[PDB]
>>> print(open('model-v7.tsv').read())   # TSV, N, CA and C atoms
chain	number	residue	atom	x	y	z
D	398	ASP	N	29.56	28.48	6.83
D	398	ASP	CA	28.61	28.79	7.89
D	398	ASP	C	27.92	27.51	8.34
D	399	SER	N	27.99	27.20	9.61
D	399	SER	CA	27.46	25.94	10.11
D	399	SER	C	26.40	26.17	11.17
D	400	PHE	N	25.30	25.43	11.09
D	400	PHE	CA	24.22	25.51	12.07
D	400	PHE	C	23.34	24.28	11.95
D	401	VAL	N	22.22	24.28	12.67
D	401	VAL	CA	21.34	23.12	12.71
D	401	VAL	C	19.91	23.62	12.58
D	402	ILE	N	19.11	22.93	11.78
D	402	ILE	CA	17.73	23.31	11.55
D	402	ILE	C	16.86	22.08	11.67
D	403	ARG	N	15.57	22.27	11.40
D	403	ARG	CA	14.63	21.17	11.44
D	403	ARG	C	14.69	20.41	10.12
D	404	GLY	N	13.87	19.39	10.00
D	404	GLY	CA	13.94	18.55	8.83
D	404	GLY	C	13.40	19.19	7.58
D	405	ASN	N	12.17	19.66	7.64
D	405	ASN	CA	11.48	20.19	6.49
D	405	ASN	C	11.84	21.63	6.15
D	406	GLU	N	12.94	22.16	6.69
D	406	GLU	CA	13.33	23.54	6.41
D	406	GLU	C	14.66	23.62	5.69
D	407	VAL	N	15.23	22.47	5.32
D	407	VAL	CA	16.49	22.50	4.61
D	407	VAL	C	16.25	23.10	3.25
D	408	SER	N	15.02	23.01	2.77
D	408	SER	CA	14.75	23.61	1.48
D	408	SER	C	14.84	25.12	1.53
D	409	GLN	N	14.73	25.73	2.71
D	409	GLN	CA	14.67	27.18	2.71
D	409	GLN	C	16.02	27.86	2.59
D	410	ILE	N	17.13	27.15	2.72
D	410	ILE	CA	18.42	27.79	2.55
D	410	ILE	C	18.74	27.68	1.06
D	411	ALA	N	18.20	28.62	0.30
D	411	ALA	CA	18.36	28.67	-1.14
D	411	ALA	C	18.14	30.10	-1.58
D	412	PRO	N	18.65	30.47	-2.75
D	412	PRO	CA	18.54	31.86	-3.21
D	412	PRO	C	17.10	32.26	-3.51
D	413	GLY	N	16.63	33.29	-2.81
D	413	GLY	CA	15.34	33.90	-3.09
D	413	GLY	C	14.13	33.23	-2.49
D	414	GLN	N	14.30	32.33	-1.54
D	414	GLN	CA	13.20	31.56	-0.98
D	414	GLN	C	12.71	32.17	0.32
D	415	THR	N	11.40	32.36	0.43
D	415	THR	CA	10.81	32.99	1.60
D	415	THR	C	10.27	31.91	2.51
D	416	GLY	N	10.29	32.18	3.81
D	416	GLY	CA	9.85	31.19	4.77
D	416	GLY	C	9.81	31.75	6.17
D	417	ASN	N	10.33	31.00	7.12
D	417	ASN	CA	10.44	31.48	8.49
D	417	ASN	C	11.87	31.55	8.99
D	418	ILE	N	12.76	30.71	8.49
D	418	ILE	CA	14.17	30.86	8.81
D	418	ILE	C	14.87	31.71	7.76
D	419	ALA	N	14.32	31.82	6.56
D	419	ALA	CA	15.01	32.59	5.55
D	419	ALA	C	14.73	34.08	5.67
D	420	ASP	N	13.52	34.46	6.01
D	420	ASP	CA	13.25	35.89	6.11
D	420	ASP	C	13.53	36.46	7.49
D	421	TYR	N	13.64	35.62	8.51
D	421	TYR	CA	13.86	36.11	9.86
D	421	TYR	C	15.24	35.87	10.45
D	422	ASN	N	15.85	34.70	10.31
D	422	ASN	CA	17.12	34.50	10.97
D	422	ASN	C	18.30	33.97	10.16
D	423	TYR	N	18.17	33.70	8.87
D	423	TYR	CA	19.36	33.39	8.08
D	423	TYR	C	19.01	33.61	6.62
D	424	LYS	N	19.68	34.54	5.96
D	424	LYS	CA	19.24	34.87	4.61
D	424	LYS	C	20.44	35.03	3.70
D	425	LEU	N	20.41	34.35	2.55
D	425	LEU	CA	21.49	34.42	1.59
D	425	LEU	C	21.02	35.04	0.28
D	426	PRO	N	21.90	35.73	-0.43
D	426	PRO	CA	21.48	36.60	-1.53
D	426	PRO	C	20.87	35.89	-2.71
D	427	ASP	N	20.43	36.67	-3.70
D	427	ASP	CA	19.87	36.06	-4.89
D	427	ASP	C	20.96	35.67	-5.88
D	428	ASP	N	22.09	36.37	-5.87
D	428	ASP	CA	23.24	36.04	-6.71
D	428	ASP	C	24.22	35.11	-6.03
D	429	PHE	N	23.76	34.26	-5.13
D	429	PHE	CA	24.66	33.39	-4.40
D	429	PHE	C	25.31	32.36	-5.31
D	430	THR	N	26.62	32.17	-5.13
D	430	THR	CA	27.39	31.15	-5.82
D	430	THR	C	28.19	30.39	-4.79
D	431	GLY	N	28.11	29.09	-4.80
D	431	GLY	CA	28.64	28.26	-3.72
D	431	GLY	C	27.76	27.04	-3.55
D	432	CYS	N	27.68	26.52	-2.33
D	432	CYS	CA	26.65	25.50	-2.11
D	432	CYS	C	26.49	25.02	-0.68
D	433	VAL	N	25.44	24.21	-0.49
D	433	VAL	CA	24.91	23.82	0.81
D	433	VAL	C	25.02	22.32	0.99
D	434	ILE	N	25.27	21.89	2.22
D	434	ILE	CA	25.47	20.49	2.55
D	434	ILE	C	24.75	20.22	3.85
D	435	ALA	N	23.70	19.40	3.82
D	435	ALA	CA	22.90	19.12	5.00
D	435	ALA	C	22.79	17.63	5.17
D	436	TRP	N	23.10	17.12	6.36
D	436	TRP	CA	23.01	15.69	6.57
D	436	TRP	C	22.30	15.38	7.88
D	437	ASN	N	21.17	14.69	7.80
D	437	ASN	CA	20.36	14.36	8.96
D	437	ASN	C	21.19	13.77	10.09
D	438	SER	N	21.10	14.39	11.26
D	438	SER	CA	21.80	13.88	12.43
D	438	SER	C	20.86	13.98	13.61
D	439	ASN	N	20.16	12.90	13.92
D	439	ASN	CA	19.30	12.86	15.09
D	439	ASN	C	19.76	11.73	15.99
D	440	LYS	N	20.95	11.22	15.74
D	440	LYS	CA	21.61	10.26	16.60
D	440	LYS	C	22.41	10.97	17.67
D	441	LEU	N	22.63	12.27	17.51
D	441	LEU	CA	23.39	13.10	18.43
D	441	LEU	C	22.59	14.30	18.88
D	442	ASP	N	21.33	14.42	18.48
D	442	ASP	CA	20.58	15.63	18.76
D	442	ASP	C	19.25	15.42	19.45
D	443	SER	N	18.65	14.24	19.39
D	443	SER	CA	17.37	14.03	20.03
D	443	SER	C	17.57	13.21	21.28
D	444	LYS	N	17.13	13.74	22.41
D	444	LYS	CA	17.21	13.04	23.68
D	444	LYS	C	15.82	12.57	24.08
D	445	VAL	N	15.76	11.59	24.97
D	445	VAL	CA	14.46	11.11	25.42
D	445	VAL	C	13.93	12.16	26.39
D	446	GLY	N	12.92	12.90	25.96
D	446	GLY	CA	12.34	13.96	26.75
D	446	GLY	C	12.45	15.31	26.09
C	943	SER	N	-7.03	65.33	-53.69
C	943	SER	CA	-5.75	64.76	-53.29
C	943	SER	C	-4.63	65.34	-54.13
C	944	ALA	N	-4.64	66.66	-54.29
C	944	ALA	CA	-3.57	67.32	-55.03
C	944	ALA	C	-2.29	67.39	-54.21
C	945	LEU	N	-2.42	67.52	-52.89
C	945	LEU	CA	-1.31	67.61	-51.95
C	945	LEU	C	-1.02	66.27	-51.29
C	946	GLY	N	-1.19	65.18	-52.02
C	946	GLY	CA	-1.02	63.87	-51.41
C	946	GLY	C	0.32	63.63	-50.75
C	947	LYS	N	1.39	64.14	-51.33
C	947	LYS	CA	2.72	63.87	-50.77
C	947	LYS	C	2.96	64.52	-49.41
C	948	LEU	N	2.67	65.81	-49.28
C	948	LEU	CA	2.87	66.45	-47.98
C	948	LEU	C	1.95	65.86	-46.91
C	949	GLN	N	0.69	65.63	-47.25
C	949	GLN	CA	-0.22	65.04	-46.29
C	949	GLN	C	0.27	63.66	-45.88
C	950	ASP	N	0.83	62.93	-46.82
C	950	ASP	CA	1.29	61.58	-46.52
C	950	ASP	C	2.50	61.59	-45.60
C	951	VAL	N	3.43	62.51	-45.79
C	951	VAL	CA	4.56	62.53	-44.87
C	951	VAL	C	4.07	62.78	-43.45
C	952	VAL	N	3.16	63.75	-43.29
C	952	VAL	CA	2.67	64.05	-41.95
C	952	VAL	C	1.99	62.84	-41.33
C	953	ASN	N	1.13	62.18	-42.09
C	953	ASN	CA	0.39	61.05	-41.54
C	953	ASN	C	1.29	59.88	-41.18
C	954	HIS	N	2.31	59.61	-41.98
C	954	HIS	CA	3.21	58.51	-41.64
C	954	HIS	C	3.93	58.79	-40.34
C	955	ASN	N	4.44	60.01	-40.17
C	955	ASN	CA	5.13	60.30	-38.92
C	955	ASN	C	4.21	60.15	-37.71
C	956	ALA	N	2.99	60.69	-37.80
C	956	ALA	CA	2.07	60.58	-36.67
C	956	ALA	C	1.74	59.13	-36.36
C	957	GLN	N	1.50	58.33	-37.38
C	957	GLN	CA	1.17	56.93	-37.15
C	957	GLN	C	2.33	56.17	-36.54
C	958	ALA	N	3.55	56.47	-36.95
C	958	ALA	CA	4.70	55.80	-36.35
C	958	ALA	C	4.76	56.06	-34.86
C	959	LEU	N	4.63	57.32	-34.45
C	959	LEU	CA	4.65	57.58	-33.01
C	959	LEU	C	3.51	56.89	-32.30
C	960	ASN	N	2.34	56.86	-32.93
C	960	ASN	CA	1.20	56.23	-32.28
C	960	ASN	C	1.46	54.77	-32.01
C	961	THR	N	1.97	54.05	-32.99
C	961	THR	CA	2.21	52.64	-32.76
C	961	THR	C	3.30	52.42	-31.74
C	962	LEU	N	4.32	53.27	-31.73
C	962	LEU	CA	5.36	53.10	-30.73
C	962	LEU	C	4.84	53.31	-29.32
C	963	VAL	N	3.96	54.29	-29.12
C	963	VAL	CA	3.42	54.50	-27.79
C	963	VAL	C	2.43	53.42	-27.41
C	964	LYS	N	1.64	52.96	-28.36
C	964	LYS	CA	0.62	51.98	-28.03
C	964	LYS	C	1.21	50.64	-27.68
C	965	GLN	N	2.31	50.28	-28.30
C	965	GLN	CA	2.87	48.98	-28.00
C	965	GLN	C	3.39	48.84	-26.58
C	966	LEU	N	3.35	49.87	-25.74
C	966	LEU	CA	3.76	49.62	-24.36
C	966	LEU	C	2.74	48.80	-23.60
C	967	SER	N	1.49	48.79	-24.01
C	967	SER	CA	0.49	48.03	-23.28
C	967	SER	C	0.60	46.54	-23.52
C	968	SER	N	1.20	46.10	-24.61
C	968	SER	CA	1.28	44.68	-24.89
C	968	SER	C	2.08	43.96	-23.83
C	969	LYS	N	1.70	42.72	-23.54
C	969	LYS	CA	2.36	41.91	-22.53
C	969	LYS	C	3.55	41.08	-23.00
C	970	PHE	N	3.63	40.72	-24.27
C	970	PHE	CA	4.75	39.95	-24.81
C	970	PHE	C	4.93	38.61	-24.11
C	971	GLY	N	3.90	38.08	-23.50
C	971	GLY	CA	3.99	36.82	-22.80
C	971	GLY	C	4.14	36.92	-21.30
C	972	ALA	N	4.46	38.09	-20.77
C	972	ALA	CA	4.55	38.20	-19.33
C	972	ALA	C	3.15	38.19	-18.74
C	973	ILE	N	3.07	37.87	-17.45
C	973	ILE	CA	1.77	37.78	-16.80
C	973	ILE	C	1.07	39.13	-16.69
C	974	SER	N	1.76	40.24	-16.89
C	974	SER	CA	1.09	41.52	-16.84
C	974	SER	C	1.95	42.58	-17.50
C	975	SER	N	1.31	43.66	-17.93
C	975	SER	CA	2.02	44.68	-18.68
C	975	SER	C	2.59	45.77	-17.80
C	976	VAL	N	1.99	46.05	-16.65
C	976	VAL	CA	2.49	47.11	-15.79
C	976	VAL	C	3.60	46.56	-14.91
C	977	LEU	N	4.68	47.33	-14.75
C	977	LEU	CA	5.81	46.82	-13.99
C	977	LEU	C	5.47	46.65	-12.52
C	978	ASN	N	4.60	47.50	-11.99
C	978	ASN	CA	4.31	47.50	-10.57
C	978	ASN	C	3.71	46.19	-10.12
C	979	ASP	N	2.73	45.68	-10.86
C	979	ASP	CA	2.12	44.42	-10.48
C	979	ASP	C	3.15	43.31	-10.47
C	980	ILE	N	4.00	43.26	-11.48
C	980	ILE	CA	5.02	42.23	-11.53
C	980	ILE	C	5.87	42.29	-10.28
C	981	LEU	N	6.27	43.49	-9.87
C	981	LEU	CA	7.10	43.57	-8.68
C	981	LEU	C	6.32	43.47	-7.39
C	982	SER	N	4.99	43.55	-7.43
C	982	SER	CA	4.20	43.46	-6.21
C	982	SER	C	3.81	42.03	-5.91
C	983	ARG	N	3.16	41.36	-6.85
C	983	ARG	CA	2.60	40.05	-6.58
C	983	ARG	C	3.52	38.90	-6.94
C	984	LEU	N	4.83	39.09	-6.85
C	984	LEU	CA	5.74	37.97	-7.11
C	984	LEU	C	7.08	38.23	-6.46
C	985	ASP	N	7.72	37.13	-6.06
C	985	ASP	CA	9.02	37.19	-5.44
C	985	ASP	C	10.06	37.57	-6.48
C	986	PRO	N	11.21	38.06	-6.05
C	986	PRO	CA	12.22	38.53	-7.00
C	986	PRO	C	12.67	37.44	-7.96
C	987	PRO	N	12.86	36.19	-7.53
C	987	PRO	CA	13.32	35.19	-8.51
C	987	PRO	C	12.39	35.04	-9.70
C	988	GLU	N	11.08	35.04	-9.50
C	988	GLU	CA	10.20	34.93	-10.65
C	988	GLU	C	9.99	36.27	-11.34
C	989	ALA	N	10.03	37.37	-10.60
C	989	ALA	CA	9.92	38.66	-11.25
C	989	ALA	C	11.06	38.91	-12.22
C	990	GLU	N	12.24	38.33	-11.99
C	990	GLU	CA	13.32	38.52	-12.96
C	990	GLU	C	12.95	38.00	-14.34
C	991	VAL	N	12.51	36.75	-14.42
C	991	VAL	CA	12.17	36.21	-15.72
C	991	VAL	C	10.88	36.80	-16.24
>>> encode(input="model-v7.tsv", output="structure tokens")
Amino acid sequence: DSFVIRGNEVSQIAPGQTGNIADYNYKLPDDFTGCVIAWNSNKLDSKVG
Amino acid sequence: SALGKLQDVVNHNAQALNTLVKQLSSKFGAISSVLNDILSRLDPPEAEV
């Protein structure tokens, strides 16, 4: 599953963690097995303005 | 105390049940003894342990 989030919210994609992206728009179970890979990319995402 | 044996069997049985029922209030190290509070004031990851 691939998407883009803000900087300080990468911590919320984890089993059992409550927040604003975890309880409202992307939620993974408590028995999750697998893993997450997040790499800062603001060289292709932030425009002037 | 002529009837010590019969009285003693009765008292031992009653005391055993009493201690078994009373020990439900003990916490055993958990933050609270009632299950409801544990499931109310804590997220599932910590409520498990």
>>> interface_residues(input="model-v7.tsv", of="chain D", to="chain C", cutoff="10 Å", atoms="only C-alpha atoms", output="ChimeraX atom specification")
/D:412-415,427
>>> atom_distance(input="model-v7.tsv", atom1="CA of residue 989 (chain C)", atom2="CA of residue 974 (chain C)")
10.8 Å
>>> atom_distance(input="model-v7.tsv", atom1="CA of residue 962 (chain C)", atom2="atom C of residue 977 (chain C)")
19.3 Å
>>> atom_distance(input="model-v7.tsv", atom1="CA of residue 956 (chain C)", atom2="CA of residue 978 (chain C)")
29.3 Å
>>> residues_around(input="model-v7.tsv", residues="region 428-439 of chain D", least_positions_apart="4", cutoff="8 Å", atoms="only N, CA and C atoms", output="PyMOL selection string")
chain D and resi 404+407+410-413+443-444
>>> axis_aligned_box(input="model-v7.tsv", around="region 398-405 of chain D", padding_each_side="5 Å", output="AutoDock Vina command-line options")
--center_x 20.5 --center_y 23.7 --center_z 9.4 --size_x 28.1 --size_y 20.2 --size_z 16.6
>>> residues_around(input="model-v7.tsv", residues="residue 406 (chain D)", least_positions_apart="4", cutoff="10 Å", atoms="only C-alpha atoms", output="mmCIF file with N, CA and C atoms, keeping the file's coordinate frame")
data_model
loop_
_atom_site.group_PDB
_atom_site.id
_atom_site.type_symbol
_atom_site.label_atom_id
_atom_site.label_comp_id
_atom_site.auth_asym_id
_atom_site.auth_seq_id
_atom_site.Cartn_x
_atom_site.Cartn_y
_atom_site.Cartn_z
ATOM 1 N N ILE D 402 19.110 22.930 11.780
ATOM 2 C CA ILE D 402 17.730 23.310 11.550
ATOM 3 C C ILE D 402 16.860 22.080 11.670
ATOM 4 N N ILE D 410 17.130 27.150 2.720
ATOM 5 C CA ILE D 410 18.420 27.790 2.550
ATOM 6 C C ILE D 410 18.740 27.680 1.060
ATOM 7 N N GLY D 416 10.290 32.180 3.810
ATOM 8 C CA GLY D 416 9.850 31.190 4.770
ATOM 9 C C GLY D 416 9.810 31.750 6.170
ATOM 10 N N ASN D 417 10.330 31.000 7.120
ATOM 11 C CA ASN D 417 10.440 31.480 8.490
ATOM 12 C C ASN D 417 11.870 31.550 8.990
ATOM 13 N N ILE D 418 12.760 30.710 8.490
ATOM 14 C CA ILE D 418 14.170 30.860 8.810
ATOM 15 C C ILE D 418 14.870 31.710 7.760
ATOM 16 N N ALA D 419 14.320 31.820 6.560
ATOM 17 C CA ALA D 419 15.010 32.590 5.550
ATOM 18 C C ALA D 419 14.730 34.080 5.670
#
>>> build_atoms(input="model-v7.tsv", residues="region 417-437 of chain D", atoms="N, CA, C and O atoms", output="mmCIF file, in the coordinates of the input")
data_model
loop_
_atom_site.group_PDB
_atom_site.id
_atom_site.type_symbol
_atom_site.label_atom_id
_atom_site.label_comp_id
_atom_site.auth_asym_id
_atom_site.auth_seq_id
_atom_site.Cartn_x
_atom_site.Cartn_y
_atom_site.Cartn_z
ATOM 1 N N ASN D 417 10.330 31.000 7.120
ATOM 2 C CA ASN D 417 10.440 31.480 8.490
ATOM 3 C C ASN D 417 11.870 31.550 8.990
ATOM 4 O O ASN D 417 12.167 32.411 9.816
ATOM 5 N N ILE D 418 12.760 30.710 8.490
ATOM 6 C CA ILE D 418 14.170 30.860 8.810
ATOM 7 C C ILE D 418 14.870 31.710 7.760
ATOM 8 O O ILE D 418 15.927 32.277 8.055
ATOM 9 N N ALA D 419 14.320 31.820 6.560
ATOM 10 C CA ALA D 419 15.010 32.590 5.550
ATOM 11 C C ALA D 419 14.730 34.080 5.670
ATOM 12 O O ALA D 419 15.608 34.895 5.419
ATOM 13 N N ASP D 420 13.520 34.460 6.010
ATOM 14 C CA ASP D 420 13.250 35.890 6.110
ATOM 15 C C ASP D 420 13.530 36.460 7.490
ATOM 16 O O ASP D 420 13.611 37.680 7.626
ATOM 17 N N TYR D 421 13.640 35.620 8.510
ATOM 18 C CA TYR D 421 13.860 36.110 9.860
ATOM 19 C C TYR D 421 15.240 35.870 10.450
ATOM 20 O O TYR D 421 15.767 36.760 11.094
ATOM 21 N N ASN D 422 15.850 34.700 10.310
ATOM 22 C CA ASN D 422 17.120 34.500 10.970
ATOM 23 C C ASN D 422 18.300 33.970 10.160
ATOM 24 O O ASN D 422 19.377 33.796 10.750
ATOM 25 N N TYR D 423 18.170 33.700 8.870
ATOM 26 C CA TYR D 423 19.360 33.390 8.080
ATOM 27 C C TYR D 423 19.010 33.610 6.620
ATOM 28 O O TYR D 423 18.163 32.898 6.097
ATOM 29 N N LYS D 424 19.680 34.540 5.960
ATOM 30 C CA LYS D 424 19.240 34.870 4.610
ATOM 31 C C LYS D 424 20.440 35.030 3.700
ATOM 32 O O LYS D 424 21.370 35.762 4.034
ATOM 33 N N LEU D 425 20.410 34.350 2.550
ATOM 34 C CA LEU D 425 21.490 34.420 1.590
ATOM 35 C C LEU D 425 21.020 35.040 0.280
ATOM 36 O O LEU D 425 19.870 34.853 -0.117
ATOM 37 N N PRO D 426 21.900 35.730 -0.430
ATOM 38 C CA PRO D 426 21.480 36.600 -1.530
ATOM 39 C C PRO D 426 20.870 35.890 -2.710
ATOM 40 O O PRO D 426 20.741 34.662 -2.719
ATOM 41 N N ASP D 427 20.430 36.670 -3.700
ATOM 42 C CA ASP D 427 19.870 36.060 -4.890
ATOM 43 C C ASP D 427 20.960 35.670 -5.880
ATOM 44 O O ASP D 427 20.768 34.725 -6.653
ATOM 45 N N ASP D 428 22.090 36.370 -5.870
ATOM 46 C CA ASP D 428 23.240 36.040 -6.710
ATOM 47 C C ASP D 428 24.220 35.110 -6.030
ATOM 48 O O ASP D 428 25.421 35.170 -6.313
ATOM 49 N N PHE D 429 23.760 34.260 -5.130
ATOM 50 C CA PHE D 429 24.660 33.390 -4.400
ATOM 51 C C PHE D 429 25.310 32.360 -5.310
ATOM 52 O O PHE D 429 24.668 31.785 -6.183
ATOM 53 N N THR D 430 26.620 32.170 -5.130
ATOM 54 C CA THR D 430 27.390 31.150 -5.820
ATOM 55 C C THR D 430 28.190 30.390 -4.790
ATOM 56 O O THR D 430 28.914 31.003 -3.999
ATOM 57 N N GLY D 431 28.110 29.090 -4.800
ATOM 58 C CA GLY D 431 28.640 28.260 -3.720
ATOM 59 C C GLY D 431 27.760 27.040 -3.550
ATOM 60 O O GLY D 431 27.123 26.611 -4.502
ATOM 61 N N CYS D 432 27.680 26.520 -2.330
ATOM 62 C CA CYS D 432 26.650 25.500 -2.110
ATOM 63 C C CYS D 432 26.490 25.020 -0.680
ATOM 64 O O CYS D 432 27.323 25.274 0.185
ATOM 65 N N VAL D 433 25.440 24.210 -0.490
ATOM 66 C CA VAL D 433 24.910 23.820 0.810
ATOM 67 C C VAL D 433 25.020 22.320 0.990
ATOM 68 O O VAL D 433 24.946 21.561 0.020
ATOM 69 N N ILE D 434 25.270 21.890 2.220
ATOM 70 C CA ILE D 434 25.470 20.490 2.550
ATOM 71 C C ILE D 434 24.750 20.220 3.850
ATOM 72 O O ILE D 434 25.184 20.704 4.896
ATOM 73 N N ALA D 435 23.700 19.400 3.820
ATOM 74 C CA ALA D 435 22.900 19.120 5.000
ATOM 75 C C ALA D 435 22.790 17.630 5.170
ATOM 76 O O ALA D 435 22.405 16.941 4.228
ATOM 77 N N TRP D 436 23.100 17.120 6.360
ATOM 78 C CA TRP D 436 23.010 15.690 6.570
ATOM 79 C C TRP D 436 22.300 15.380 7.880
ATOM 80 O O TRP D 436 22.768 15.792 8.942
ATOM 81 N N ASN D 437 21.170 14.690 7.800
ATOM 82 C CA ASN D 437 20.360 14.360 8.960
ATOM 83 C C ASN D 437 21.190 13.770 10.090
ATOM 84 O O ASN D 437 21.906 12.789 9.899
#
